[PDB]
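For this one, two forms of the same chain are given in structure tokens, first as structure 1 and then as structure 2.
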Structure 1
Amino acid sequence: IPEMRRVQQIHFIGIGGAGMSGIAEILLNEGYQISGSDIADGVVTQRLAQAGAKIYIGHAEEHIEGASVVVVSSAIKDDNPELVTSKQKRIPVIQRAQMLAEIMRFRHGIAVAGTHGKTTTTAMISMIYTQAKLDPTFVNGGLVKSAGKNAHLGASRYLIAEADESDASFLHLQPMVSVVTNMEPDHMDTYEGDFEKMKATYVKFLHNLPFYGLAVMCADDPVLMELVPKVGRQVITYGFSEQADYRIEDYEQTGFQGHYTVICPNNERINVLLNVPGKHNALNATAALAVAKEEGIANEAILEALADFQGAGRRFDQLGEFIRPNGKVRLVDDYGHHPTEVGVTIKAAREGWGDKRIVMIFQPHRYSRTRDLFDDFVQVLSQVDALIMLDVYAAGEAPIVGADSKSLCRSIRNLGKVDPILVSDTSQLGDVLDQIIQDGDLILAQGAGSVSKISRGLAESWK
């Protein structure tokens, strides 16, 4: 891995970002001087600063002093003072994915793309390669829990990276192996409502593979299977489908572990214990197993990693067990924010929780999304046994009338399967929970916004 010519200091605008911070950590550990700004100081920025990155909170033209190159998050606005000034001083300004691509350039890149499951799959592959003693570099879009970080620099040529389709930015990447987990409507503003344009973009992405490259694609996704003829690279499939190259059979969930068999292309049978719940994770783990098997990694390494898998951050993220005045409860944090993904989480919980109650704390992310998927939210949220609603996490959006938490609560109440409690002052969340808790409750803190931080504050106080 060569040093980049004349690159002394790399400045990140929005350095606390999930993807931004991983790249900064890689480059810091490679020996580059790292600076960055963010509007918020948290665990991520504190870790980077402690490691030796120069972090500023707030944006100012002075923050870019000394930068050889500026890396910008998609979250950053065009009026940002650091961004405007960087261009004025003729300092290269590049997107996050272009810098990830440079990390990938001289590495054996395994890019994990798809709508859902990318963070878990990337973590799984990372852990398999680690267990195989291959000492991979990885850059994930969320925590690899066993690592306690989103990214890690290994001494090998291997790179496992989550590949973001959301701005077509994964087109910068030049991988050796590309996983596509699935394809569903998301980030449609970048694709202008056109599902076909997204389809074309994924095909374009797979065309970045070398002629000898490998695409590992989910056999259970009809859209992905229709795209196989257009790939023009070797395609290996995985899933429950009888036509899958790596076929999952005999799946059972016991508690929060999965048990199943994978039948490989040469009919080799592999009995898997997977340390995370749900058929959806069996799929993610079979993408990971397929990648590893195709790379030549021994079953021992694959099985050990999957059996010990500690999960990805906020993906059915077990926060612990707590004795409360009204019962012993289990708290779990999950990122799921689309109705189908919230449904998957509820299913995984149900299949591990027997006859005990599932209590959900749900925070809708965006008024726009709440508006657009309102009825679907009403239906999926109505599946839980007790429901606490938090106010919509606006993420910069102006309120939309009829698309707030009060409106969701009304509609759910009126459906009559569950009677939701709206909690606006989240300092009261623990008290509301304490009032309604029963022994053996599973409490699912659900959503993409501040709900995770709120749930961890709750956990901490309950310790």
Structure 2
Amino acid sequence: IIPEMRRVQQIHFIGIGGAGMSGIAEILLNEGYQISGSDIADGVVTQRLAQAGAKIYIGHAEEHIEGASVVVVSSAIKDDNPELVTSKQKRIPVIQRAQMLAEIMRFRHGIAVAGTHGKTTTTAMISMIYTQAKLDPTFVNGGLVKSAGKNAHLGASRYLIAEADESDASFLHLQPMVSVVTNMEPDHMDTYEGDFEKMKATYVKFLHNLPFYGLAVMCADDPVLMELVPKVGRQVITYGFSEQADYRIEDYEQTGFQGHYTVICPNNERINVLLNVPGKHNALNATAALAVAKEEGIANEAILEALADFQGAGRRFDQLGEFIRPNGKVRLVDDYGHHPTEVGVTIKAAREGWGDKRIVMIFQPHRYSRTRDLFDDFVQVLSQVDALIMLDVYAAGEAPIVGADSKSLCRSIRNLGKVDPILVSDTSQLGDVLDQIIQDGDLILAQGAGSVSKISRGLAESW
């Protein structure tokens, strides 16, 4: 094996239950490091880590860092966190989540997946292709890979597939061999001082982390990405529906919640793809995945097998089941989409699978900052469903911003006159409210990045 990180005996994670944090912790646990961590919440993730031998503390206290050789910190952690403050006082190395991810990547063949939307999905897809190819990859995904039942896996090969978060610009730590950029739209704009040009510059800097011989795989259908190509200074391979795409998608058809399409490769090789998840957005994600795999020299059959049986990522167009309600049989689908674009493509994918029956949405806005920044776009997109239940903003640690709450969204949606939303501030009433507005054959989308998935789970179990 590769020698242990020098003098690193115990790695302490502040926010260890995190989607990215937990996977990093699990990789290192399985490499033989002592793992400790704290989290304000105990759930399936922390329980799994504890059962595997991680020392897990619920709630934060300065004593929890005892023994730590290094402290890894989620960007969710406040500056005045007692563990964080004490670590700095005691001069224990304190590093970002992504810096520890970078260390996992350092001596590996890193395939980093960046972009505004679809990172978790694309990472899961590449992970499954490489697994299918018998390449035994390590992966660290920012979400549950359904065919793994977990977010991360330690393989014995040198491959690492990893999701690369731009939200705090922390992906600049990463030194990959191949970098995917799925798309670029304004999100997390506070980090970039509301300046989209600073986000662009940051992604260019990220791509400049590639070695001179490294590969950037970028969506041809994104005009921002295409504008940036001259700045990359590394080989760029593109994918998408665009006539100019190196890996070009043609003849896309969605049947039910499966996609069918052809991909045309740079050497004019034609590959007929069956994708086990719906929507053109997922065809894009899967073509990023196919492009990476083809450029790596992976055979078609492995790519196609993995895509045809792709079970998805948790919470990403995730079918929870069918339920017989007093007013009809309904389908409950959970989706992580939290940016207007994501909500949009999800609605469209649902429409192309359902057809005659209604799309009912339970939407929980994530962040006041995001609601403020993209208010008008949310109003437009949320008006495209047939029935809309609005939940209160999931604060995600943010103080309320005036005019950027669910009541304000409801008022503005109501003004458009396409749908009349019902605000459900008391989620214990959600079941009763739904049952009143449910019709036979409804597809219910539980939509958002916050506690909406927990709420939909509790709703599904009660049903």
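Heads up, when I say rigid core I mean the largest set of C-alphas that superpose within 1.5 Å between the two forms. Sequence positions of structure 1, starting at 1, serve as the residue numbers.
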> Rigid parts compared between structure 1 and structure 2: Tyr202 grouped with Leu373?
Replying inline: no
> When C-alpha atoms are superposed, by how many degrees is the smaller rigid part rotated relative to the larger between structure 1 and structure 2?
Replying inline: 11
> By how many angstrom does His259 shift at its CA between structure 1 and structure 2 when the core is held fixed?
Replying inline: 0.2
>> Can you give me the Cα shift for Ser407 between structure 1 and structure 2? Core-superposed, in angstrom, one decimal please.
In response: 4.4
>> Core superposed first, then measure: what is the displacement of the CA of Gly449 between structure 1 and structure 2, in Å?
In response: 1.1
